[PDB]
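This is coords.txt. It holds compact mmCIF, N, CA and C atoms.
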```txt
# COMPACT_ATOMS: atom_id res chain seq x y z
N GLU A 386 91.81 16.64 49.27
CA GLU A 386 92.58 17.87 49.39
C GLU A 386 91.74 18.99 48.80
N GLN A 387 90.98 19.67 49.66
CA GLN A 387 90.02 20.67 49.24
C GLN A 387 90.37 22.01 49.87
N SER A 388 89.83 23.08 49.32
CA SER A 388 90.22 24.42 49.73
C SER A 388 89.16 25.06 50.61
N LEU A 389 89.62 25.85 51.57
CA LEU A 389 88.75 26.71 52.36
C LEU A 389 88.72 28.10 51.76
N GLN A 390 87.74 28.89 52.19
CA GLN A 390 87.73 30.33 51.92
C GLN A 390 87.29 31.02 53.20
N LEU A 391 88.25 31.53 53.96
CA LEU A 391 87.98 32.30 55.16
C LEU A 391 88.05 33.78 54.80
N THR A 392 87.03 34.53 55.19
CA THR A 392 86.94 35.95 54.89
C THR A 392 87.32 36.74 56.13
N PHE A 393 88.19 37.72 55.97
CA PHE A 393 88.69 38.53 57.06
C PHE A 393 88.23 39.97 56.88
N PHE A 394 88.00 40.68 57.99
CA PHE A 394 87.73 42.10 57.94
C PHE A 394 88.55 42.82 59.00
N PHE A 395 88.91 44.07 58.71
CA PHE A 395 89.70 44.87 59.64
C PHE A 395 89.47 46.34 59.34
N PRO A 396 89.53 47.20 60.34
CA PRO A 396 89.26 48.62 60.13
C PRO A 396 90.51 49.42 59.78
N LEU A 397 90.29 50.67 59.38
CA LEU A 397 91.32 51.69 59.47
C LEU A 397 90.64 53.03 59.65
N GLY A 398 91.33 53.96 60.30
CA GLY A 398 90.80 55.29 60.47
C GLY A 398 89.65 55.42 61.45
N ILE A 399 89.40 54.41 62.27
CA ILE A 399 88.39 54.52 63.32
C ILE A 399 88.88 55.51 64.37
N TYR A 400 88.11 56.56 64.59
CA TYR A 400 88.45 57.54 65.62
C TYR A 400 87.82 57.09 66.92
N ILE A 401 88.64 56.54 67.81
CA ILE A 401 88.20 56.34 69.19
C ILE A 401 87.97 57.70 69.83
N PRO A 402 86.85 57.92 70.51
CA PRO A 402 86.63 59.22 71.16
C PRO A 402 87.60 59.44 72.31
N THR A 403 88.24 60.60 72.31
CA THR A 403 89.16 60.97 73.38
C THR A 403 88.41 61.21 74.68
N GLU A 404 87.14 61.60 74.58
CA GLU A 404 86.32 61.98 75.73
C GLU A 404 86.13 60.83 76.71
N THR A 405 86.06 59.60 76.21
CA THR A 405 86.05 58.42 77.07
C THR A 405 87.24 57.51 76.80
N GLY A 406 88.31 58.05 76.23
CA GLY A 406 89.47 57.25 75.90
C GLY A 406 90.26 56.84 77.13
N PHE A 407 91.13 55.86 76.92
CA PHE A 407 91.95 55.29 77.98
C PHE A 407 93.12 54.59 77.32
N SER A 408 93.93 53.92 78.14
CA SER A 408 94.91 52.98 77.62
C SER A 408 95.26 51.97 78.70
N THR A 409 95.26 50.70 78.33
CA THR A 409 96.05 49.70 79.03
C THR A 409 97.45 49.72 78.42
N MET A 410 98.30 48.76 78.82
CA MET A 410 99.70 48.56 78.42
C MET A 410 100.53 49.84 78.29
N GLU A 411 100.36 50.77 79.23
CA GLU A 411 101.15 52.00 79.23
C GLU A 411 102.62 51.70 79.51
N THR A 412 102.90 50.63 80.25
CA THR A 412 104.28 50.29 80.58
C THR A 412 105.02 49.74 79.38
N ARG A 413 104.31 49.14 78.43
CA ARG A 413 104.98 48.44 77.34
C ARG A 413 105.45 49.41 76.26
N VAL A 414 104.53 50.19 75.71
CA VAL A 414 104.86 51.14 74.66
C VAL A 414 104.80 52.55 75.22
N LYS A 415 105.46 53.46 74.52
CA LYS A 415 105.23 54.88 74.73
C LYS A 415 105.48 55.58 73.42
N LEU A 416 104.47 56.27 72.93
CA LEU A 416 104.58 56.97 71.67
C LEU A 416 105.37 58.25 71.82
N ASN A 417 105.84 58.76 70.69
CA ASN A 417 106.38 60.10 70.62
C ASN A 417 105.23 61.02 70.26
N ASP A 418 105.10 62.12 71.00
CA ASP A 418 103.92 62.96 70.93
C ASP A 418 103.87 63.73 69.61
N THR A 419 103.15 63.17 68.64
CA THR A 419 102.89 63.80 67.36
C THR A 419 101.47 63.41 66.99
N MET A 420 100.75 64.33 66.33
CA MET A 420 99.35 64.06 66.00
C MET A 420 99.18 62.94 64.98
N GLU A 421 100.21 62.64 64.18
CA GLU A 421 100.16 61.46 63.34
C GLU A 421 100.23 60.17 64.15
N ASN A 422 100.82 60.21 65.35
CA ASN A 422 100.72 59.08 66.26
C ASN A 422 99.45 59.13 67.09
N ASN A 423 98.91 60.31 67.31
CA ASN A 423 97.73 60.46 68.15
C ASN A 423 96.42 60.28 67.39
N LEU A 424 96.46 60.23 66.07
CA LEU A 424 95.30 59.75 65.31
C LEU A 424 95.69 58.56 64.46
N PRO A 425 94.89 57.50 64.44
CA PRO A 425 95.12 56.43 63.48
C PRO A 425 94.79 56.89 62.07
N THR A 426 95.70 56.63 61.14
CA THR A 426 95.52 57.01 59.75
C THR A 426 95.84 55.81 58.87
N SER A 427 96.70 54.93 59.36
CA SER A 427 97.12 53.75 58.62
C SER A 427 96.87 52.52 59.47
N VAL A 428 96.94 51.35 58.83
CA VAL A 428 96.88 50.10 59.57
C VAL A 428 98.01 49.19 59.13
N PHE A 429 98.78 48.71 60.10
CA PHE A 429 99.85 47.75 59.89
C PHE A 429 99.34 46.37 60.28
N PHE A 430 99.68 45.36 59.49
CA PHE A 430 99.38 43.98 59.87
C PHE A 430 100.36 43.06 59.17
N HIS A 431 100.47 41.83 59.66
CA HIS A 431 101.44 40.91 59.08
C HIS A 431 100.89 40.22 57.83
N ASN A 432 101.80 39.86 56.93
CA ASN A 432 101.45 39.10 55.74
C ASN A 432 101.37 37.61 56.03
N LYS A 433 101.42 36.80 54.97
CA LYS A 433 101.52 35.35 55.11
C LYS A 433 102.76 34.95 55.91
N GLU B 386 132.14 16.23 54.31
CA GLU B 386 132.44 17.42 55.10
C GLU B 386 132.56 18.60 54.15
N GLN B 387 131.47 19.34 53.98
CA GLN B 387 131.39 20.40 53.00
C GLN B 387 131.09 21.72 53.69
N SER B 388 131.06 22.79 52.92
CA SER B 388 130.94 24.12 53.49
C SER B 388 129.69 24.83 52.99
N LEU B 389 129.18 25.73 53.82
CA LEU B 389 128.12 26.65 53.45
C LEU B 389 128.69 28.02 53.15
N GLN B 390 127.86 28.86 52.54
CA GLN B 390 128.11 30.30 52.45
C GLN B 390 126.76 30.98 52.62
N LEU B 391 126.46 31.38 53.84
CA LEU B 391 125.28 32.18 54.14
C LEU B 391 125.67 33.64 54.07
N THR B 392 124.77 34.45 53.52
CA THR B 392 125.04 35.86 53.28
C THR B 392 124.19 36.71 54.21
N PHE B 393 124.82 37.66 54.88
CA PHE B 393 124.16 38.46 55.90
C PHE B 393 124.09 39.91 55.46
N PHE B 394 123.07 40.62 55.93
CA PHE B 394 122.97 42.04 55.64
C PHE B 394 122.36 42.75 56.83
N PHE B 395 122.75 44.01 57.01
CA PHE B 395 122.36 44.75 58.19
C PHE B 395 122.52 46.23 57.92
N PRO B 396 121.62 47.07 58.42
CA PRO B 396 121.65 48.49 58.11
C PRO B 396 122.61 49.23 59.02
N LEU B 397 122.91 50.48 58.65
CA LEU B 397 123.37 51.49 59.60
C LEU B 397 122.94 52.85 59.09
N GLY B 398 122.73 53.77 60.02
CA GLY B 398 122.39 55.11 59.64
C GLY B 398 120.97 55.30 59.15
N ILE B 399 120.10 54.31 59.32
CA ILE B 399 118.70 54.49 58.96
C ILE B 399 118.08 55.50 59.91
N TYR B 400 117.64 56.62 59.36
CA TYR B 400 116.90 57.58 60.16
C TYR B 400 115.47 57.10 60.26
N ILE B 401 115.14 56.46 61.38
CA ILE B 401 113.74 56.23 61.70
C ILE B 401 113.06 57.58 61.90
N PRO B 402 111.92 57.83 61.27
CA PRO B 402 111.27 59.14 61.37
C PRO B 402 110.78 59.41 62.78
N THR B 403 111.08 60.61 63.27
CA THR B 403 110.67 61.03 64.60
C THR B 403 109.16 61.21 64.69
N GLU B 404 108.52 61.52 63.56
CA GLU B 404 107.15 62.00 63.57
C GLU B 404 106.16 60.91 63.96
N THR B 405 106.42 59.66 63.59
CA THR B 405 105.68 58.53 64.13
C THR B 405 106.55 57.70 65.05
N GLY B 406 107.47 58.36 65.75
CA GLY B 406 108.41 57.64 66.59
C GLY B 406 107.73 57.05 67.80
N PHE B 407 108.31 55.98 68.32
CA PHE B 407 107.73 55.26 69.43
C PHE B 407 108.84 54.50 70.12
N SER B 408 108.49 53.81 71.19
CA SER B 408 109.41 52.86 71.79
C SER B 408 108.67 51.82 72.58
N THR B 409 109.04 50.58 72.36
CA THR B 409 108.85 49.55 73.35
C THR B 409 110.12 49.51 74.20
N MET B 410 110.20 48.53 75.11
CA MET B 410 111.21 48.39 76.17
C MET B 410 111.60 49.72 76.81
N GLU B 411 110.57 50.47 77.20
CA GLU B 411 110.82 51.76 77.83
C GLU B 411 111.33 51.58 79.25
N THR B 412 110.95 50.48 79.91
CA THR B 412 111.41 50.23 81.26
C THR B 412 112.80 49.63 81.31
N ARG B 413 113.27 49.02 80.22
CA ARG B 413 114.51 48.25 80.29
C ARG B 413 115.73 49.16 80.25
N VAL B 414 115.85 49.98 79.21
CA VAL B 414 116.95 50.91 79.09
C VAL B 414 116.45 52.32 79.34
N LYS B 415 117.39 53.23 79.52
CA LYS B 415 117.09 54.65 79.48
C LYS B 415 118.36 55.36 79.04
N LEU B 416 118.35 55.86 77.82
CA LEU B 416 119.51 56.52 77.26
C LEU B 416 119.72 57.87 77.91
N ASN B 417 120.97 58.29 77.94
CA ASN B 417 121.31 59.62 78.40
C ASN B 417 121.03 60.57 77.25
N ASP B 418 120.28 61.64 77.53
CA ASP B 418 119.70 62.46 76.48
C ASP B 418 120.74 63.32 75.78
N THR B 419 121.28 62.80 74.69
CA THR B 419 122.26 63.50 73.87
C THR B 419 121.96 63.10 72.43
N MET B 420 122.27 63.99 71.49
CA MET B 420 121.91 63.72 70.10
C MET B 420 122.72 62.58 69.50
N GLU B 421 123.89 62.24 70.05
CA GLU B 421 124.57 61.05 69.56
C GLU B 421 123.87 59.76 69.98
N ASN B 422 123.06 59.80 71.02
CA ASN B 422 122.15 58.69 71.27
C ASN B 422 120.87 58.84 70.47
N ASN B 423 120.44 60.07 70.24
CA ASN B 423 119.15 60.31 69.61
C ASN B 423 119.22 60.22 68.09
N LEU B 424 120.40 60.00 67.52
CA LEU B 424 120.52 59.61 66.13
C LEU B 424 121.38 58.36 66.05
N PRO B 425 120.98 57.37 65.27
CA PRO B 425 121.91 56.29 64.95
C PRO B 425 122.94 56.76 63.95
N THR B 426 124.19 56.49 64.27
CA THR B 426 125.31 56.75 63.38
C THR B 426 126.17 55.52 63.21
N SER B 427 126.11 54.58 64.14
CA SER B 427 127.00 53.44 64.19
C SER B 427 126.17 52.19 64.33
N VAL B 428 126.77 51.03 64.08
CA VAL B 428 126.08 49.76 64.29
C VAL B 428 126.99 48.78 65.02
N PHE B 429 126.42 48.10 66.02
CA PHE B 429 127.11 47.22 66.93
C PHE B 429 126.61 45.81 66.72
N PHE B 430 127.52 44.85 66.58
CA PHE B 430 127.12 43.46 66.49
C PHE B 430 128.23 42.56 67.01
N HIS B 431 127.86 41.34 67.38
CA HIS B 431 128.85 40.41 67.91
C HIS B 431 129.64 39.75 66.79
N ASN B 432 130.88 39.36 67.09
CA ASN B 432 131.70 38.53 66.21
C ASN B 432 131.28 37.07 66.30
N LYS B 433 132.06 36.22 65.63
CA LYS B 433 132.05 34.76 65.80
C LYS B 433 131.98 34.34 67.26
N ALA C 1298 82.24 37.49 58.71
CA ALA C 1298 83.66 37.28 58.47
C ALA C 1298 84.40 37.29 59.80
N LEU C 1299 85.72 37.24 59.72
CA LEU C 1299 86.50 37.10 60.94
C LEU C 1299 87.41 38.30 61.15
N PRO C 1300 87.72 38.65 62.39
CA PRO C 1300 88.74 39.68 62.63
C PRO C 1300 90.13 39.06 62.67
N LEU C 1301 91.10 39.80 62.14
CA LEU C 1301 92.48 39.34 62.09
C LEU C 1301 93.38 40.34 62.80
N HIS C 1302 94.62 39.90 63.05
CA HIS C 1302 95.54 40.65 63.90
C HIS C 1302 96.09 41.88 63.20
N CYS C 1303 95.39 43.00 63.33
CA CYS C 1303 95.84 44.28 62.81
C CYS C 1303 96.01 45.25 63.96
N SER C 1304 96.69 46.35 63.69
CA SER C 1304 96.98 47.33 64.73
C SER C 1304 97.03 48.71 64.11
N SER C 1305 97.05 49.72 64.97
CA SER C 1305 97.08 51.09 64.48
C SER C 1305 98.48 51.51 64.08
N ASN C 1306 99.49 51.12 64.86
CA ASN C 1306 100.86 51.41 64.46
C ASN C 1306 101.85 50.34 64.92
N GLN C 1307 103.10 50.57 64.51
CA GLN C 1307 104.19 49.64 64.77
C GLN C 1307 104.49 49.57 66.24
N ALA C 1308 104.16 50.62 66.99
CA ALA C 1308 104.29 50.61 68.44
C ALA C 1308 103.50 49.47 69.06
N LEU C 1309 102.22 49.37 68.74
CA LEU C 1309 101.43 48.29 69.30
C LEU C 1309 101.81 46.96 68.66
N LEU C 1310 102.19 46.98 67.38
CA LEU C 1310 102.54 45.74 66.70
C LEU C 1310 103.82 45.11 67.25
N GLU C 1311 104.78 45.92 67.72
CA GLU C 1311 106.01 45.36 68.27
C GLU C 1311 105.75 44.65 69.59
N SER C 1312 104.92 45.22 70.45
CA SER C 1312 104.61 44.55 71.71
C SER C 1312 103.76 43.31 71.48
N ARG C 1313 102.91 43.33 70.45
CA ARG C 1313 102.21 42.11 70.07
C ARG C 1313 103.18 41.04 69.60
N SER C 1314 104.19 41.42 68.82
CA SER C 1314 105.18 40.46 68.35
C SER C 1314 106.06 39.95 69.48
N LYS C 1315 106.28 40.77 70.51
CA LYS C 1315 107.05 40.32 71.66
C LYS C 1315 106.28 39.30 72.47
N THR C 1316 105.13 39.70 73.00
CA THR C 1316 104.42 38.83 73.92
C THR C 1316 103.69 37.69 73.22
N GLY C 1317 103.51 37.76 71.90
CA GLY C 1317 102.78 36.74 71.18
C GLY C 1317 101.29 36.73 71.41
N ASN C 1318 100.76 37.69 72.17
CA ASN C 1318 99.36 37.68 72.57
C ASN C 1318 98.55 38.27 71.43
N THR C 1319 98.27 37.42 70.45
CA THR C 1319 97.46 37.83 69.31
C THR C 1319 95.98 37.59 69.52
N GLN C 1320 95.60 36.96 70.63
CA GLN C 1320 94.18 36.73 70.90
C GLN C 1320 93.55 37.92 71.60
N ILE C 1321 94.22 38.45 72.61
CA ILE C 1321 93.66 39.52 73.42
C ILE C 1321 93.78 40.84 72.68
N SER C 1322 92.66 41.53 72.53
CA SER C 1322 92.61 42.83 71.90
C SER C 1322 92.84 43.92 72.94
N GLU C 1323 93.65 44.91 72.58
CA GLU C 1323 94.14 45.94 73.49
C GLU C 1323 94.11 47.29 72.79
N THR C 1324 93.89 48.36 73.56
CA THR C 1324 93.73 49.71 73.02
C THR C 1324 94.60 50.71 73.77
N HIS C 1325 95.27 51.58 73.01
CA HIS C 1325 95.96 52.75 73.52
C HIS C 1325 94.96 53.92 73.46
N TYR C 1326 95.43 55.17 73.59
CA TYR C 1326 94.63 56.39 73.70
C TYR C 1326 93.64 56.58 72.56
N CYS C 1327 94.15 56.76 71.35
CA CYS C 1327 93.34 56.69 70.16
C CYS C 1327 93.77 55.56 69.24
N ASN C 1328 94.89 54.92 69.53
CA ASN C 1328 95.35 53.79 68.75
C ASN C 1328 94.77 52.51 69.31
N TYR C 1329 94.36 51.62 68.42
CA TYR C 1329 93.72 50.37 68.77
C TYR C 1329 94.46 49.23 68.09
N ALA C 1330 94.39 48.05 68.68
CA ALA C 1330 94.91 46.85 68.04
C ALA C 1330 93.95 45.70 68.26
N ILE C 1331 93.57 45.03 67.18
CA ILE C 1331 92.48 44.06 67.17
C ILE C 1331 93.04 42.66 67.28
N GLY C 1332 92.52 41.88 68.22
CA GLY C 1332 93.01 40.53 68.41
C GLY C 1332 92.53 39.59 67.32
N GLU C 1333 93.39 38.65 66.95
CA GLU C 1333 93.07 37.65 65.95
C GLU C 1333 92.21 36.56 66.58
N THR C 1334 91.31 35.98 65.78
CA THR C 1334 90.40 34.98 66.29
C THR C 1334 90.83 33.54 66.01
N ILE C 1335 91.74 33.32 65.06
CA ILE C 1335 92.27 32.00 64.77
C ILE C 1335 93.78 32.13 64.64
N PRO C 1336 94.57 31.53 65.52
CA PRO C 1336 96.03 31.74 65.49
C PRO C 1336 96.72 30.93 64.40
N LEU C 1337 96.44 31.31 63.15
CA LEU C 1337 96.85 30.52 61.99
C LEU C 1337 98.36 30.49 61.82
N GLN C 1338 99.05 31.52 62.30
CA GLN C 1338 100.51 31.49 62.28
C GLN C 1338 101.05 30.40 63.19
N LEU C 1339 100.46 30.26 64.39
CA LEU C 1339 100.79 29.14 65.26
C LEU C 1339 100.39 27.81 64.65
N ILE C 1340 99.32 27.79 63.86
CA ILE C 1340 98.89 26.56 63.19
C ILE C 1340 99.94 26.11 62.16
N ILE C 1341 100.43 27.06 61.36
CA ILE C 1341 101.48 26.73 60.40
C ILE C 1341 102.79 26.39 61.11
N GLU C 1342 103.10 27.05 62.23
CA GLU C 1342 104.32 26.70 62.95
C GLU C 1342 104.22 25.33 63.61
N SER C 1343 103.01 24.88 63.93
CA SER C 1343 102.83 23.53 64.44
C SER C 1343 102.84 22.48 63.33
N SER C 1344 102.51 22.84 62.09
CA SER C 1344 102.82 21.92 60.98
C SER C 1344 103.71 22.53 59.91
```
Will you turn the file into structure tokens for me?
Amino acid sequence: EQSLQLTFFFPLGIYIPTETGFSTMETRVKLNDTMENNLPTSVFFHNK
Amino acid sequence: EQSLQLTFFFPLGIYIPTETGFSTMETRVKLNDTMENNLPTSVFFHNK
Amino acid sequence: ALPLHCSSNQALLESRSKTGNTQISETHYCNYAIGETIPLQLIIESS
């Protein structure tokens, strides 16, 4: 009974360029037009 | 033949902030645009 | 190291939680969501 150590990495605040931007899954979500939704500032992810 | 007591909790009146507002299931429903739909005031749930 | 299932907002995270597609990485306009490389939640649900 031995332990692993898996290391994870994830970004926040990466500005995707609008100049070549796009979107798939337009049918699934639709944001409300606010610049806090139009720029990533935070990152949400699940816990254990 | 014994009994349980499970305890339930549920919100009402939570103002989800409009500023990062969003929606999934955009294709499924479409609310009639009125502020009584655009604010939660009530909560609906099934009985036994 | 490894990438894990993170997203830019709850909008993308809800559709990820619906479809369960944590492997495929998908991007909105400026919002991005990164696919997980090991489905460890499914691993724990299987044991």
Fit chain A to chain B, using all C-alpha atoms paired in sequence order for the least-squares superposition, and then show me the result as a short mmCIF file (atom, residue, chain, number, x, y, z; two decimals) with N, CA and C atoms, in the coordinates of the input.
```cif
data_model
loop_
_atom_site.label_atom_id
_atom_site.label_comp_id
_atom_site.auth_asym_id
_atom_site.auth_seq_id
_atom_site.Cartn_x
_atom_site.Cartn_y
_atom_site.Cartn_z
N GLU A 386 132.03 16.43 54.41
CA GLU A 386 132.33 17.64 55.16
C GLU A 386 132.45 18.78 54.15
N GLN A 387 131.33 19.48 53.93
CA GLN A 387 131.24 20.50 52.90
C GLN A 387 130.89 21.83 53.54
N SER A 388 131.12 22.91 52.82
CA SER A 388 130.97 24.25 53.38
C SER A 388 129.70 24.92 52.91
N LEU A 389 129.10 25.70 53.79
CA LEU A 389 128.00 26.58 53.44
C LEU A 389 128.53 27.97 53.14
N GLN A 390 127.68 28.79 52.52
CA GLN A 390 127.94 30.22 52.40
C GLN A 390 126.62 30.93 52.66
N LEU A 391 126.44 31.42 53.88
CA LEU A 391 125.27 32.20 54.25
C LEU A 391 125.64 33.68 54.16
N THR A 392 124.81 34.46 53.48
CA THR A 392 125.05 35.88 53.28
C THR A 392 124.17 36.66 54.23
N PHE A 393 124.76 37.62 54.93
CA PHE A 393 124.07 38.43 55.91
C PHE A 393 124.02 39.88 55.45
N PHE A 394 122.95 40.60 55.81
CA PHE A 394 122.89 42.02 55.57
C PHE A 394 122.38 42.73 56.82
N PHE A 395 122.83 43.97 57.01
CA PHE A 395 122.42 44.76 58.17
C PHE A 395 122.59 46.23 57.85
N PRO A 396 121.77 47.09 58.41
CA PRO A 396 121.84 48.52 58.10
C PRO A 396 122.77 49.29 59.02
N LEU A 397 123.03 50.54 58.66
CA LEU A 397 123.48 51.54 59.61
C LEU A 397 123.01 52.89 59.13
N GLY A 398 122.80 53.81 60.07
CA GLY A 398 122.41 55.15 59.72
C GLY A 398 120.99 55.31 59.20
N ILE A 399 120.14 54.31 59.37
CA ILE A 399 118.73 54.45 59.01
C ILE A 399 118.08 55.44 59.98
N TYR A 400 117.52 56.51 59.43
CA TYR A 400 116.81 57.48 60.25
C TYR A 400 115.36 57.06 60.34
N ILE A 401 114.98 56.49 61.48
CA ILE A 401 113.56 56.31 61.78
C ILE A 401 112.91 57.68 61.91
N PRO A 402 111.77 57.93 61.28
CA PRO A 402 111.12 59.23 61.43
C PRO A 402 110.60 59.44 62.85
N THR A 403 110.93 60.58 63.42
CA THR A 403 110.46 60.94 64.76
C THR A 403 108.97 61.20 64.75
N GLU A 404 108.43 61.62 63.60
CA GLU A 404 107.03 62.03 63.46
C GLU A 404 106.07 60.89 63.76
N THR A 405 106.45 59.66 63.43
CA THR A 405 105.68 58.48 63.83
C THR A 405 106.49 57.54 64.72
N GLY A 406 107.52 58.05 65.37
CA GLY A 406 108.36 57.23 66.21
C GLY A 406 107.68 56.81 67.49
N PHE A 407 108.27 55.80 68.13
CA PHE A 407 107.75 55.22 69.36
C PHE A 407 108.89 54.49 70.04
N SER A 408 108.56 53.81 71.13
CA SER A 408 109.48 52.84 71.71
C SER A 408 108.70 51.83 72.53
N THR A 409 109.00 50.56 72.33
CA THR A 409 108.77 49.55 73.34
C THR A 409 109.99 49.53 74.26
N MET A 410 110.04 48.55 75.18
CA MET A 410 111.08 48.32 76.20
C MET A 410 111.62 49.58 76.88
N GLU A 411 110.74 50.52 77.21
CA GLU A 411 111.14 51.73 77.92
C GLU A 411 111.62 51.40 79.33
N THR A 412 111.10 50.33 79.92
CA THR A 412 111.49 49.96 81.28
C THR A 412 112.89 49.38 81.32
N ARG A 413 113.35 48.79 80.22
CA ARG A 413 114.62 48.07 80.25
C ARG A 413 115.81 49.03 80.15
N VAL A 414 115.84 49.82 79.09
CA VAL A 414 116.94 50.76 78.87
C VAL A 414 116.44 52.17 79.12
N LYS A 415 117.39 53.07 79.37
CA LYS A 415 117.12 54.49 79.29
C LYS A 415 118.39 55.18 78.88
N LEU A 416 118.33 55.89 77.77
CA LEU A 416 119.49 56.58 77.26
C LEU A 416 119.77 57.84 78.04
N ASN A 417 120.99 58.33 77.90
CA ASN A 417 121.34 59.66 78.36
C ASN A 417 121.10 60.61 77.19
N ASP A 418 120.41 61.71 77.47
CA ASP A 418 119.90 62.58 76.42
C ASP A 418 121.04 63.34 75.74
N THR A 419 121.52 62.79 74.62
CA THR A 419 122.52 63.42 73.78
C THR A 419 122.13 63.06 72.35
N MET A 420 122.36 64.00 71.42
CA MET A 420 121.96 63.76 70.03
C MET A 420 122.74 62.63 69.36
N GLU A 421 123.94 62.31 69.86
CA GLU A 421 124.63 61.12 69.38
C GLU A 421 123.94 59.84 69.82
N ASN A 422 123.19 59.87 70.92
CA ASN A 422 122.33 58.75 71.27
C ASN A 422 120.98 58.83 70.57
N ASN A 423 120.54 60.02 70.23
CA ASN A 423 119.23 60.21 69.62
C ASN A 423 119.24 60.05 68.10
N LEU A 424 120.41 59.99 67.49
CA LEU A 424 120.49 59.54 66.09
C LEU A 424 121.40 58.33 65.99
N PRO A 425 121.01 57.29 65.27
CA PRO A 425 121.94 56.21 64.98
C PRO A 425 123.01 56.67 64.00
N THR A 426 124.27 56.38 64.33
CA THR A 426 125.39 56.76 63.50
C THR A 426 126.30 55.55 63.32
N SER A 427 126.28 54.65 64.29
CA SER A 427 127.11 53.46 64.27
C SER A 427 126.23 52.24 64.45
N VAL A 428 126.80 51.07 64.18
CA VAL A 428 126.11 49.82 64.47
C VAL A 428 127.03 48.88 65.22
N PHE A 429 126.56 48.39 66.36
CA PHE A 429 127.26 47.41 67.17
C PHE A 429 126.64 46.04 66.90
N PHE A 430 127.48 45.02 66.79
CA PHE A 430 126.98 43.65 66.69
C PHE A 430 128.06 42.70 67.18
N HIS A 431 127.67 41.47 67.50
CA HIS A 431 128.64 40.53 68.04
C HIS A 431 129.44 39.84 66.93
N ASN A 432 130.67 39.46 67.27
CA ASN A 432 131.52 38.70 66.37
C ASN A 432 131.20 37.21 66.42
N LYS A 433 132.14 36.40 65.92
CA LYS A 433 132.04 34.95 66.05
C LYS A 433 131.95 34.52 67.52
#
```
Checklist line | Per-residue DSSP, chain C, filtered to strand (DSSP E or B), as a ChimeraX atom specification | finding: /C:1299-1300,1303-1304,1323-1324,1329-1331
Next item on the list: Compile the contact shell of range 1306-1320 of chain C as a PyMOL selection string: residues with an atom at most 8 Å away, counting all atoms listed in the file, same-chain residues fewer than 5 positions apart removed.
Entry: (chain A and resi 413-416+422+425-430) or (chain B and resi 405-410) or (chain C and resi 1301+1325+1328-1336)
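Between CA of residue 395 in chain A and CA of residue 1304 in chain C lies a distance of 9.2 Å.
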Next item on the list: Have a look at atom N of residue 431 in chain B and atom N of residue 417 in chain B and let me know their distance in Å, one decimal.
Entry: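 Distance reported for this atom pair: 21.1 Å.
Atom pair atom C of residue 404 in chain A / CA of residue 423 in chain A has a distance of 14.4 Å (rounded to one decimal).
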Check: Out of chain B, which residues get helix (DSSP H, G or I) from DSSP, as a PyMOL selection string?
Finding: chain B and resi 420-423
Student task, range 400-422 of chain B output with C-alpha atoms as a PDB file, in the first residue's frame:
```pdb
ATOM      1  CA  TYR B 400     -30.006  36.604  -6.650  1.00  0.00           C
ATOM      2  CA  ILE B 401     -27.595  35.028  -9.078  1.00  0.00           C
ATOM      3  CA  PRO B 402     -25.470  37.981 -10.261  1.00  0.00           C
ATOM      4  CA  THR B 403     -26.346  39.231 -13.729  1.00  0.00           C
ATOM      5  CA  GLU B 404     -22.801  40.423 -14.373  1.00  0.00           C
ATOM      6  CA  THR B 405     -21.366  36.936 -14.887  1.00  0.00           C
ATOM      7  CA  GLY B 406     -24.748  35.557 -15.851  1.00  0.00           C
ATOM      8  CA  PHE B 407     -25.031  32.689 -18.282  1.00  0.00           C
ATOM      9  CA  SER B 408     -27.281  29.864 -19.324  1.00  0.00           C
ATOM     10  CA  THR B 409     -27.085  26.324 -20.404  1.00  0.00           C
ATOM     11  CA  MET B 410     -30.247  24.615 -21.800  1.00  0.00           C
ATOM     12  CA  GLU B 411     -30.838  27.611 -24.019  1.00  0.00           C
ATOM     13  CA  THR B 412     -32.584  25.448 -26.613  1.00  0.00           C
ATOM     14  CA  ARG B 413     -34.868  23.652 -24.165  1.00  0.00           C
ATOM     15  CA  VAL B 414     -36.871  26.454 -22.554  1.00  0.00           C
ATOM     16  CA  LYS B 415     -37.480  30.054 -23.477  1.00  0.00           C
ATOM     17  CA  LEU B 416     -38.991  32.271 -20.819  1.00  0.00           C
ATOM     18  CA  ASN B 417     -41.367  35.078 -21.650  1.00  0.00           C
ATOM     19  CA  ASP B 418     -39.387  38.250 -21.047  1.00  0.00           C
ATOM     20  CA  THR B 419     -40.804  39.728 -17.844  1.00  0.00           C
ATOM     21  CA  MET B 420     -39.035  40.664 -14.627  1.00  0.00           C
ATOM     22  CA  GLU B 421     -41.019  38.111 -12.623  1.00  0.00           C
ATOM     23  CA  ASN B 422     -39.263  35.510 -14.733  1.00  0.00           C
TER      24      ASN B 422
END
```
